[PDB]
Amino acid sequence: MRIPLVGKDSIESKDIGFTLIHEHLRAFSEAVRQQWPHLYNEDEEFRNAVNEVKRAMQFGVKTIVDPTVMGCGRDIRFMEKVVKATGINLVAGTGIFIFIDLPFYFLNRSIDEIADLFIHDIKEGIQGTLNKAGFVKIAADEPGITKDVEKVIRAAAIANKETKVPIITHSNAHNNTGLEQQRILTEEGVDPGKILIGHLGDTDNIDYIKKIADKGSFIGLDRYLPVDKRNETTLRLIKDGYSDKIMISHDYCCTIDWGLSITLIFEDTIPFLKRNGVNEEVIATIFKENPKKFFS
C-alpha cells in the first residue's frame, strides 16, 4: 500500500511493474464540454480508451499514469469505468494545467488554498469518490512563468512536502520553463528526484536536457520533433549514460478535443532502440526502475 489506484486497493511502489508514466485516457476542455456537449461522444471516448489500454496490456504494461487534471477534463468516474473494463493499474493525479491565468474562482485566493485542493484529492479522494490522487501535475509553456503559473508550482511543492507524492510537469522544450519549474520546486524543498520535467523530447538541445537530469530530476522524453530525431536524442541520451533519468511516454490522448497510439513505443521507439544496440536492462530501467524510484 503506497500508490493509490483507481478502482483498486493501493499498491506498493515496488510492485508497479512496467509503467507508462504519462498517457491520457481522454482530454478535453471542461467548459466547452459543459456548454456544447453535442461536440463530444463519451461512448467513442470510452471504446478508444479501453482499446488502447488493452493494447498496452498486450505489450506487457502493468501500470498507466494518467496526468489529466483541471483544465484537461479529469473524470474519475470515466477512469474507473476503464479500469473495470480492462483491469489495468491506473494512477490518477491532481493539479492544475494552465499556461497564463487561473480561472476566476482563484481571484483573491492564496497559494495555500490551491495546495489544499491538491491535498484534498490526495488524502480524501477525487470528485467525491474514495479514489485518491497519487501525484501532482503542473504546466508552463510559451508564456513562461506567469504569476498564476508560479502560484500553481508553489502549491504543488506544498502538496509534495505534506503528502510525499511526486510532481509531473508539462514544459515547453524551446524555452527554459522546465528548468524554471525544477528550480522553483527544489528551492521550495522538493526532492529533485520527485520531479519529472515533461516534454523535453520535443527539443534536440541535448545540453539543456542533460542540465535538468544532472540537477536530479527525471526528463520526459514523452510525446512519442520527428520520432527519428526523438529516437536519436533518446538513443544519444542512453549512449551518454542518462537511462536512469529518462522517462518515455507517448503523451497519447486516446481522445482529444483540440482542432499515433499508446503502443508506438512498442512498434517504433523500443524496436529502433533495440536495433541500435540498446539492451534489455536499459528498457527495464526506463520503464520499471525509474517509475519505481519516482513513486518510492
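So that there is no doubt, residue numbering starts at 1 and follows the sequence shown.
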property	result
Gap size between residue 98 and residue 97, counted in deposited residues that the entry leaves unmodelled	none
Chain break class for residue 259 to residue 260, judged by how many deposited residues have no coordinates	10 or more
Between 207-215 and 164-172 (mean CA B-factor, as deposited), the higher	207-215
Higher-scoring stretch by recorded Cα B factor average, 133-141 or 155-163	155-163
Top Cα B factor in the deposited entry, candidates 89, 146, 182, 108	108
Residue of maximum C-alpha B factor among 242, 46, 36, 28, per deposited coordinates	242
Third of the chain, ranked by Cα B-factor, where residue 73 sits	lowest
CA B-factor placement of residue 1, once the chain's modelled residues are sorted into thirds	highest
Third assignment of residue 93 from its chain's C-alpha B-factors	lowest
Third of chain Cα B-factors occupied by residue 233	highest
Third of the chain, ranked by Cα B-factor, where residue 63 sits	lowest
